[PDB]
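Enquirer: Could you have a look at this structure, given as structure tokens, before my questions?
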Amino acid sequence: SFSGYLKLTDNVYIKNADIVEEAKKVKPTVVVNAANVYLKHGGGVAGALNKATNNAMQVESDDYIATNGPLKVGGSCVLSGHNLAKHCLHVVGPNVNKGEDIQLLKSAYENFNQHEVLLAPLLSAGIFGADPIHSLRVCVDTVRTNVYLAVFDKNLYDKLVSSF
Ligand SMILES: Cn1c(C(=O)O)c(NC(=O)c2ccc(NC(=O)NC3CC3)cc2)c2cccnc21
């Protein structure tokens, strides 16, 4: 059901798309959220995915944190995908704007290997402060399963594809 994606490697594909609209169209088995350790979905991809679930993702996340405590930077948890997907894999990449170690980005992408196919954003990009070209390079060199990347900004998408 994924269509209009450029092929980067044997297993990594990319599209200039709104990940919420892409999830509603495809209804994948797994959509990846670019989460923080507290699962507080305020801005960026996290806020957009939560808003499309009418806040059901945040209510479910708050119960998960109340039971288990916060995630590790580089870690993940599988929760419901609500109206967007069967499941949502909440992955925490390092937030470079908070002094988190960039080496944890490879650990964050290793979580994708537990799932055969994923619709995902670039981790640690945007408001997390890491270089998006570096995030795409770590993705290609780490993920072995089929990943379909959705990049919202047209100019960033063109730069990622021309510099790859
Ligand atoms: C790299 N990046 C990305 C990205 O998705 O590539 C961000 N992504 C976003 O802000 C983002 C915002 C909105 C949506 N869609 C909807 O809300 N769609 C429903 C109305 C119909 C998806 C995503 C980002 C926000 C800060 C900084 N960098 C960002």
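Just remember, in the structure tokens the first chain shown is A, the second B, etc., residues are 1-based per chain, and ligands are 1-based in the order shown.
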Which residues sit within 6 Å of ligand 1, counting only C-alpha atoms and all ligand atoms, listed as a ChimeraX atom specification?

Expert: /A:18-21,44-45,48,121,125-127,151-153

Enquirer: Which parts of stretch 16-137 of chain A does DSSP call strand (DSSP E) when run on the backbone here, written out as a ChimeraX atom specification?

Expert: /A:16,30-34,76-80,87-91,117-120

Enquirer: Please identify all polymer residues within 10 Å of residue A:13, counting only C-alpha atoms, omitting same-chain residues fewer than 6 positions from it, and present them as a ChimeraX atom specification.

Expert: /A:2,4-7,119,140,146-150

Enquirer: Which of these residues is nearest to residue A:161, using only C-alpha atoms: A:137, A:86, A:24, A:40?

Expert: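 Residue with the minimum atom-to-atom distance to residue A:161: A:137.
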
Enquirer: Fewer than 2 positions away in the same chain doesn't count, so skip those; otherwise give me all residues within 9 Å of stretch 91-98 of chain A, counting only C-alpha atoms, as a CSV table (one decimal) with N, CA, C and O atoms, in the first residue's frame.

Expert:
chain,number,residue,atom,x,y,z
A,32,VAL,N,6.0,4.7,13.5
A,32,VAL,CA,7.0,5.1,14.5
A,32,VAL,C,6.7,6.5,14.9
A,32,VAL,O,6.5,7.4,14.1
A,33,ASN,N,6.7,6.8,16.3
A,33,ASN,CA,6.6,8.1,16.8
A,33,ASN,C,8.0,8.6,17.3
A,33,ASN,O,8.7,7.7,17.9
A,34,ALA,N,8.3,9.8,17.1
A,34,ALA,CA,9.6,10.4,17.5
A,34,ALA,C,9.3,11.0,18.9
A,34,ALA,O,9.0,12.1,19.1
A,35,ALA,N,9.4,10.1,19.9
A,35,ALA,CA,9.0,10.3,21.3
A,35,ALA,C,10.1,10.9,22.2
A,35,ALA,O,11.3,10.9,21.8
A,36,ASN,N,9.7,11.4,23.4
A,36,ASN,CA,10.7,11.8,24.4
A,36,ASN,C,10.5,10.7,25.6
A,36,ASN,O,9.5,9.9,25.5
A,37,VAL,N,11.4,10.6,26.6
A,37,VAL,CA,11.4,9.6,27.6
A,37,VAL,C,10.1,9.5,28.4
A,37,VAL,O,9.8,8.5,29.1
A,71,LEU,N,11.0,5.9,29.6
A,71,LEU,CA,11.9,5.1,28.7
A,71,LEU,C,13.3,5.6,28.9
A,71,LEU,O,13.6,6.6,29.5
A,72,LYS,N,14.3,4.8,28.3
A,72,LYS,CA,15.7,5.2,28.3
A,72,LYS,C,15.8,6.0,26.9
A,72,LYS,O,15.2,5.7,26.0
A,73,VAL,N,16.8,6.9,26.9
A,73,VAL,CA,17.2,7.6,25.6
A,73,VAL,C,17.8,6.5,24.8
A,73,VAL,O,18.7,5.8,25.3
A,74,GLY,N,17.3,6.3,23.6
A,74,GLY,CA,17.7,5.1,22.7
A,74,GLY,C,16.8,3.9,22.8
A,74,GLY,O,16.9,3.0,22.0
A,75,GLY,N,15.8,4.0,23.7
A,75,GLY,CA,14.8,2.9,23.9
A,75,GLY,C,13.5,3.1,23.2
A,75,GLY,O,13.3,4.1,22.5
A,76,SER,N,12.6,2.2,23.4
A,76,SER,CA,11.3,2.2,22.8
A,76,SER,C,10.2,1.4,23.6
A,76,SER,O,10.6,0.6,24.4
A,77,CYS,N,8.9,1.6,23.2
A,77,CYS,CA,7.8,0.7,23.7
A,77,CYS,C,6.8,0.6,22.5
A,77,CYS,O,6.7,1.6,21.7
A,78,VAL,N,6.1,-0.5,22.5
A,78,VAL,CA,5.0,-0.7,21.5
A,78,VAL,C,3.7,-0.4,22.2
A,78,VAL,O,3.3,-1.1,23.2
A,89,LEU,N,5.2,2.4,17.5
A,89,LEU,CA,6.4,2.1,18.1
A,89,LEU,C,7.0,3.5,18.5
A,89,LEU,O,7.4,4.3,17.7
A,100,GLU,N,22.1,15.4,25.2
A,100,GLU,CA,22.0,14.0,25.1
A,100,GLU,C,23.1,13.5,24.1
A,100,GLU,O,23.3,14.1,23.0
A,101,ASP,N,23.7,12.3,24.3
A,101,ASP,CA,24.7,11.8,23.5
A,101,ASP,C,24.3,11.3,22.1
A,101,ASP,O,23.4,10.4,22.0
A,102,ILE,N,24.8,11.9,21.0
A,102,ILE,CA,24.5,11.6,19.6
A,102,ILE,C,24.7,10.1,19.3
A,102,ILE,O,24.0,9.5,18.4
A,103,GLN,N,25.7,9.4,20.0
A,103,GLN,CA,25.9,8.0,19.8
A,103,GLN,C,24.7,7.1,20.1
A,103,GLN,O,24.6,6.0,19.5
A,104,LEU,N,23.7,7.6,20.9
A,104,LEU,CA,22.5,6.9,21.2
A,104,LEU,C,21.6,6.8,20.0
A,104,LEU,O,20.6,6.0,20.0
A,105,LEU,N,21.8,7.6,18.9
A,105,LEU,CA,20.9,7.6,17.7
A,105,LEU,C,21.0,6.2,17.1
A,105,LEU,O,20.0,5.7,16.6
A,106,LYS,N,22.2,5.6,17.0
A,106,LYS,CA,22.3,4.2,16.4
A,106,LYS,C,21.5,3.2,17.3
A,106,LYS,O,20.7,2.4,16.7
A,107,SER,N,21.6,3.3,18.6
A,107,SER,CA,20.7,2.5,19.5
A,107,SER,C,19.2,2.7,19.2
A,107,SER,O,18.4,1.8,19.2
A,108,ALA,N,18.8,4.0,19.0
A,108,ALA,CA,17.4,4.3,18.8
A,108,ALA,C,16.9,3.6,17.5
A,108,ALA,O,15.8,2.9,17.5
A,109,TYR,N,17.7,3.6,16.4
A,109,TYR,CA,17.3,3.0,15.1
A,109,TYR,C,17.3,1.4,15.2
A,109,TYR,O,16.6,0.8,14.5
A,111,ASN,N,15.9,-0.3,17.3
A,111,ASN,CA,14.6,-0.7,17.7
A,111,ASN,C,13.7,-1.1,16.5
A,111,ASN,O,12.9,-2.0,16.5
A,112,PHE,N,14.0,-0.4,15.3
A,112,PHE,CA,13.2,-0.7,14.1
A,112,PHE,C,13.4,-2.2,13.6
A,112,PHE,O,12.6,-2.8,12.9
A,123,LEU,N,14.7,10.2,13.0
A,123,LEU,CA,14.9,10.4,14.4
A,123,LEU,C,15.9,11.5,14.7
A,123,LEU,O,16.9,11.6,14.0
A,124,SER,N,15.6,12.2,15.8
A,124,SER,CA,16.5,13.3,16.3
A,124,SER,C,16.7,14.5,15.4
A,124,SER,O,17.4,15.4,15.8
A,125,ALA,N,16.0,14.6,14.3
A,125,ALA,CA,15.9,15.7,13.4
A,125,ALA,C,15.0,16.8,13.9
A,125,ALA,O,14.4,16.6,15.0
A,127,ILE,N,13.3,19.6,16.0
A,127,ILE,CA,13.5,20.2,17.3
A,127,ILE,C,14.4,19.4,18.2
A,127,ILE,O,14.9,19.9,19.2
A,128,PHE,N,14.8,18.1,17.8
A,128,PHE,CA,15.7,17.4,18.6
A,128,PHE,C,17.2,17.9,18.3
A,128,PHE,O,18.2,17.5,19.1
A,129,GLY,N,17.4,18.7,17.3
A,129,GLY,CA,18.7,19.4,17.0
A,129,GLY,C,19.8,18.7,16.3
A,129,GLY,O,20.8,19.3,16.1
A,130,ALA,N,19.6,17.4,16.0
A,130,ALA,CA,20.7,16.7,15.3
A,130,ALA,C,20.7,17.0,13.8
A,130,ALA,O,19.6,17.5,13.2

Enquirer: Among stretch 89-140 of chain A, which residues carry a DSSP assignment of alpha helix (DSSP H), reported as an MDAnalysis selection string?

Expert: chainID A and resid 104:110 132:140

Enquirer: Out of A:8, A:110, A:43, A:25, which residue has the shortest atom-to-atom distance to residue A:162 when counting only C-alpha atoms?

Expert: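 Using only C-alpha atoms, residue A:162 sits closest to A:8.
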